[PDB]
Amino acid sequence: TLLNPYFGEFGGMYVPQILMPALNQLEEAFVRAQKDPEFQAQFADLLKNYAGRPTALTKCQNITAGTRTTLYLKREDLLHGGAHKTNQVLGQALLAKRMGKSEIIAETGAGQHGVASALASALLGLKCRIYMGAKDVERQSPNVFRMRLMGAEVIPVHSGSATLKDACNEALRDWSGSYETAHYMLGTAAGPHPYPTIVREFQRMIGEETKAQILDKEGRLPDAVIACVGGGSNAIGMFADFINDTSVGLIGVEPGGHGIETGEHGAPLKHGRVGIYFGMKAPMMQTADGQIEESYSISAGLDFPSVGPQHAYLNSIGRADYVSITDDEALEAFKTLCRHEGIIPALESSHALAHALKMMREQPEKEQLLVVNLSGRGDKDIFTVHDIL
Amino acid sequence: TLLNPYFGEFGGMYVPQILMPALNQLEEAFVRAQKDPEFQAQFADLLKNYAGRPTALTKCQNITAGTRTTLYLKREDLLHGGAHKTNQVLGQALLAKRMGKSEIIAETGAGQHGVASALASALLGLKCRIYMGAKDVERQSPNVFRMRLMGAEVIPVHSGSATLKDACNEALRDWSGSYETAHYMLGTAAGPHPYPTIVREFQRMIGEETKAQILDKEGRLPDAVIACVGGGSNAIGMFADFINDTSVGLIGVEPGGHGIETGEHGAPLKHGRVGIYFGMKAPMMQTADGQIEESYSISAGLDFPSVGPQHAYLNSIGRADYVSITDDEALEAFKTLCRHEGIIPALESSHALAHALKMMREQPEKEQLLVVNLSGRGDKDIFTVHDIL
Amino acid sequence: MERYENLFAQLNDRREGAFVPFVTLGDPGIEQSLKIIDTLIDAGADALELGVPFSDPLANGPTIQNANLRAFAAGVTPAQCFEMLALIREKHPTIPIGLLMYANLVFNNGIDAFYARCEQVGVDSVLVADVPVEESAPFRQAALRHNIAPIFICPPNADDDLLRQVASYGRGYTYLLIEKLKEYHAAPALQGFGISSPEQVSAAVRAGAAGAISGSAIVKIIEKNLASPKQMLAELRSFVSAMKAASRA
Amino acid sequence: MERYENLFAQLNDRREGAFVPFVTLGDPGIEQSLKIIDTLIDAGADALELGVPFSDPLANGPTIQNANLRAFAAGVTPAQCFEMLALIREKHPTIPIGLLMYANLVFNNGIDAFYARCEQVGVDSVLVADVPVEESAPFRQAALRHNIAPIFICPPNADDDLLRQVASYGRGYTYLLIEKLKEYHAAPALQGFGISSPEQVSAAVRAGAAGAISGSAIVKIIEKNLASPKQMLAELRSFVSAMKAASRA
Ligand SMILES: O=P(O)(O)OC[C@@H](O)[C@@H](O)c1c[nH]c2ccccc12
Ligand SMILES: O=P(O)(O)OC[C@@H](O)[C@@H](O)c1c[nH]c2ccccc12
Ligand SMILES: *Cc1c(COP(=O)(O)O)cnc(C)c1O
Ligand SMILES: *Cc1c(COP(=O)(O)O)cnc(C)c1O
Ligand SMILES: [K+]
Ligand SMILES: [K+]
């Protein structure tokens with residue numbers, strides 16, 4: 001390979017031999033692309049004029065009133081599509097075009113990645129086919145329609161297994177024979193190299209903007225940047241630019257679901273064990289004998305059974321810290337943000353805010369400049385919260 | 001008054017005597033505010049760091065391929081809230097605070113204005129009570145919940161009459177006695193002066209940005225700017241800065257509903273007659289004997305029975321031109337934008353795009369630089385279109 | 001114009017105050033409405049304030065808005081209202097008749113033409129609820145040309161300039177300060193703030209007003225006894241004679 | 001390791017090709033699976049390729065994935081698979097037994113410990129489907145230390161460097177070029193591209209391969225005759241003897 005596939009002991013390319021050529025092809029193109037000023041200018045134009053970057057950094061005074069905490073929210077919810085997903089999906093799409101490919105292959109759960117693949121493909125003239133499991137489809141019907149409207153071909157997979165990780169098998173199988181003309185669009189900073197690296201580089205603008213914006217507003221870097229961790233894309237996007245700024249705390253928040261002790265959670269990095277699956281070596285939700293388990297969270301966008309290799313690594317060396325937030329804590333942060341700032345956060349981002357609120361409330365007289373990555377909007381969640389309330 | 005309440009023969013302040021003091025109070029504050037650099041800086045900060053301005057101007061190449069038309073979309077759908085409504089609701093909120101008021105009174109139909117009033121009030125620490133008619137509530141249940149989440153008090157009005165214009169009566173009645181401490185937040189460039197003027201001034205940034213952006217991209221002003229006309233706010237926001245640029249065509253698009261000839265439409269400016277209601281003299285949907293009628297459109301956001309005074313005036317002198325677009329034409333523009341640019345437009349904005357597509361398709365070899373004001377996103381409409389398709 | 005002068009002059013000689021009841025034309029039905037009106041008149045009403053059902057009652061709360069709903073359910077049109085007005089005038093030659101209008105029904109087929117129709121049927125005054133003194137010019141000039149009295153509301157938040165305007169523009173009566181109004185030689189003031197009890201009529205007169213107007217109270221009785229038309233009239237008679245007695249000396 | 005050498009040597013003396021059927025351990029049930037395996041063996045199978053039900057079959061299509069579902073529905077665990085493997089080895093001393101594994105079930109409780117367990121039960125080779133030659137080091141070194149043959153897949157898109165690697169790393173057989181493989185002295189190649197008819201086995205041998213592997217074809221028969229266990233075995237016997245006959249000289 002041209003780049004290191006591992007982040008310490010985590011990462012690698014654990015895929016069938018047949019798929020190695022596709023991975024090495026992608027890594028080579030990514031490297032060329034990154035050196036190419038024209039690719040960067042095109043990628044930048046799209047992010048600016050199509051997606052709406054740079055996104056704002058909102059100072060939330062109302063929620064931190066009466067405490068020594070100053071909270072800022074990176075407004076990824078204002079990005080075209082309502083979620084940070086668009087950034088890397090646009091980048092990967094330009095990459096497929098660089099490789100002369102005309103098709104895009106993707107798989108979905110929460111629906112957001114499928115819709116994102118669909119918007120990028122439609123915009124750039126790419127034929128997009130999205131795999132989705134029956135059980136998952138019926139639930140995400142609105143997003144299913146959205147994908148179809150955007151010309152995406154939602155392929156209904158149903159053979160016992162009908163979830164993200166279970167639908168990935170058919171997406172990969174396809175790519176195995178179609179990689180010459182098709183690009184598999186992975187939706188998070190996970191899977192086999194060079195995906196963990198590509199997705200981070202295509203999401204790092206979140207952190208680069210935050211740094212510039214925080215320096216503009218406060219004239220100093222934040223004490224900590226907090227982001228929810230589903231697979232790790234929004235989190236690594238925020239962290240990336242701050243890694244060499246040792247004074248800046250990096251906090252990743254995993255879904256605690258009904259509570260860690262209940263087992264019904266989605267926090268493998270801190271409450272799972274290293275395994276090999278999804279084409280990578282990383283911490284995961286698995287049974288005693290090696291069978292991969294499902295993650296749980298009020299928010300579907302955080303139901304990934306594993307975590308990105310770079311996060312597991314950042315944790316091992318003590319550079320980034322990871323914690324968990326319960327559904328109830330996330331629901332409280334959701335309602336609190338609505339009423340005090342008039343912002344409907346995604347249930348995913350609510351885990352990151354809920355933690356920032358905890359840091360504040362537990363130590364009200366602690367002076368701290370915090371930035372929470374508000375990765376998406378919660379318009380999609382109003383019905384869920386509605387039913388709980 | 002300090003400013004002219006009329007735009008030619010249209011406008012005025014046709015409200016009960018009791019409400020004149022509230023109107024003159026508001027006009028005076030607005031005038032002070034506009035002269036106040038500090039108010040402008042505060043308003044600007046909010047629009048930038050909270051709402052996400054300036055919004056992008058997207059060049060849509062895919063839809064205009066094979067024709068001599070160059071189309072650009074002003075991305076108001078990317079504004080916090082997903083619609084242009086936020087701009088003027090933020091401005092009016094700062095205005096109520098300037099007047100030392102603590103409450104905000106509003107009424108809703110499509111739900112968007114109620115939600116917008118709710119976000120601004122929550123953000124600025126204002127007690128907000130929103131009037132809504134039973135019939136209208138049940139239909140807009142998602143927005144109803146959104147308003148409650150944002151702390152807004154949705155007051156259920158039901159006494160035979162249960163629609164926007166019918167709910168306005170209770171909102172105004174309240175303001176009559178509460179104007180000392182409450183501000184009535186009108187959602188469009190209509191009603192009694194100084195509302196038509198205030199709303200335009202608080203929406204004019206759309207047009208000012210478009211001008212700068214078009215000059216940056218094309219080095220020339222557009223041949224025409226097109227915007228849908230419900231009450232007239234997004235349209236006047238776009239038009240305003242271009243009025244003195246005589247070479248720039250201004251095209252307002254009214255809802256044709258099932259077709260003008262069917263009578264089931266919402267295009268009073270061109271297919272109605274001047275009357276007096278809503279505190280203004282303006283073209284409206286009314287019976288032969290003066291009883292106000294209801295407008296019709298696939299999109300609820302365009303079901304206002306009248307139009308802003310300034311639009312009726314701009315038309316009379318031939319400065320702006322107004323046309324109509326059927327539900328079917330709007331639905332086609334909606335689907336076309338999704339598939340070719342990966343943008344889900346609001347059914348409201350789809351009327352403006354549908355017209356731009358018509359201008360292009362009818363005369364494919366006509367060279368024209370067009371800008372369509374994409375006033376909002378259509379995530380809210382996917383179910384409607386879903387049921388039709 | 002004329003009829004008001006005659007009434008207030010007579011009431012003056014009797015040291016008596018005026019009691020004016022408000023009712024919506026055609027509520028709960030045309031036939032039923034004519035009966036209600038005759039009962040009000042012959043119960044003691046000194047003048048009448050009648051409203052024509054408008055699709056969007058801006059300056060109206062619950063009780064009154066419901067009345068319009070009832071009139072509309074009965075299919076009452078402005079055309080039918082003017083026919084009713086002619087009949088009422090044909091039966092009662094001297095009682096002043098005022099109309100509570102909304103700008104659109106007046107403006108619809110020409111302001112002046114509206115006032116001509118009023119004069120033709122024998123209406124004495126018109127109060128256009130949604131037209132402030134600042135927008136009254138074409139309405140008042142038309143009313144005057146047709147011998148109709150243009151009525152203006154003097155709000156509690158009224159100031160001097162308004163007091164002076166209402167004084168010079170209004171005719172017939174001033175829909176209600178009292179001492180200032182008389183200073184500017186305004187038309188006889190008639191208080192209309194929720195007058196629902198006899199004690200309120202006497203209080204209104206004592207304060208210097210020429211009388212009182214009661215609307216919702218009358219409408220309540222109608223809304224209350226819909227299923228019993230005869231009991232409706234009976235109660236309407238009792239209410240009116242009580243209120244009228246309270247203005248008497 | 002050992003058993004493969006012995007088999008290919010014998011087949012060589014007979015100018016005969018090897019036919020290796022694939023089946024999922026515990027499909028459609030443990031008891032039913034042992035029967036299927038004995039039937040395959042005594043029908044003519046030269047070697048066996050057995051898979052242990054993994055929760056996420058990456059390199060698997062429809063037929064095979066359904067087999068796992070059936071095994072899982074029967075509650076088949078890796079522990080139960082190794083117990084089955086011991087019994088099969090106890091009944092058939094010479095037939096080479098290969099395992100189709102997924103990296104996680106091998107890595108779970110220690111890679112080396114997995115290979116030790118394989119040697120203990122009498123397994124001869126292990127092909128870890130999701131481990132490319134680039135990540136095989138700890139797997140192959142462990143397999144070797146325990147006398148297990150590390151099997152590598154040689155894809156159609158394979159190039160020289162890969163050919164050379166698969167040649168030096170693989171043992172037992174090469175899961176399939178043929179002339180290059182022999183040039184690099186690779187282990188006897190066994191073609192596995194959808195081999196489902198006798199004509200395909202003879203063709204595979206003629207091309208220079210030492211034999212053919214058929215998986216889905218065997219699984220199809222099982223999936224086809226679930227309700228008829230006896231007809232399942234009967235048909236499995238007929239299919240195998242036909243495929244084996246086609247490798248014979
Ligand atoms: O109901 P009240 O408080 O007794 O007042 C009579 C009032 O209803 C009647 O005069 C009226 C009907 N519509 C109006 C509109 C504006 C002012 C007054 C009115
Ligand atoms: O089904 P086929 O085309 O006849 O090939 C056997 C194949 O299923 C079996 O060897 C196998 C099972 N799982 C795999 C994973 C990767 C490669 C091969 C396999
Ligand atoms: C997809 C999603 C995530 C979860 O995934 P990451 O890969 O961790 O970023 C977080 N937030 C939103 C709003 C999403 O849609
Ligand atoms: C409220 C709405 C409109 C209609 O009203 P205007 O006052 O004419 O601007 C147009 N577009 C969107 C997306 C809206 O929500
Ligand atoms: K996870
Ligand atoms: K309209």
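Reckoned from all heavy atoms, side chains included, excluding hydrogens, waters and symmetry mates. All chains are named by letter (A, B, ...) in the order of the sequence lines, taking the proteins before the strands, and each is independently numbered beginning at 1. Indexing begins at 1, ligand by ligand and atom by atom, following the structure's order.
Within ligand 3, the atoms closer than 4.0 Å to a non-hydrogen atom of A:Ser233 are 6 (P), 7 (O), 8 (O), 9 (O), numbered from 1 in the order shown. The contact set between ligand 3 and A:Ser375, taken as ligand atoms under 4.0 Å from a residue heavy atom, comprises 10 (C), 11 (N), 12 (C), 13 (C). Near A:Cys228, meaning under 4.0 Å from one of its heavy atoms, ligand 3 places the atoms 10 (C).
Contacts with ligand 3 closer than 4.0 Å are made by side-chain heavy atoms of A:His84 only, the backbone lying farther away.
Considering backbone and side-chain atoms together, A:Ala189 places no N or O closer than 3.5 Å to any N or O of ligand 3. At least one N or O atom of A:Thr188, backbone or side chain, sits closer than 3.5 Å to an N or O atom of ligand 3.
Using a 4.0 Å cutoff on heavy atoms, D:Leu127 does not count as a contact of ligand 2. Distances shorter than 4.0 angstrom occur between a heavy atom of D:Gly192 and an atom of ligand 2.
Relative to atom 7 (C) of ligand 1, the option among C:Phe54, C:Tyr175, C:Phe22 with the closest non-hydrogen atom is C:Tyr175.
Residues A:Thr55 and A:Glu76 bring a donor and an acceptor atom of their side chains to less than 3.5 Å of each other. Under the 3.5 Å distance criterion, with hydrogens and angles disregarded, a donor-acceptor pair is assigned to the side chains of A:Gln203 and A:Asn87. Between D:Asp56 and A:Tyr277, the side chains place a donor N or O and an acceptor N or O closer than 3.5 Å (distance only, hydrogens not considered).
Screening residues 60-71 of chain D for salt bridge (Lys or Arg N to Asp or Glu O under 4.0 Å), with sequence neighbours left out, gives D:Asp27-D:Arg70, D:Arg70-D:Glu223.
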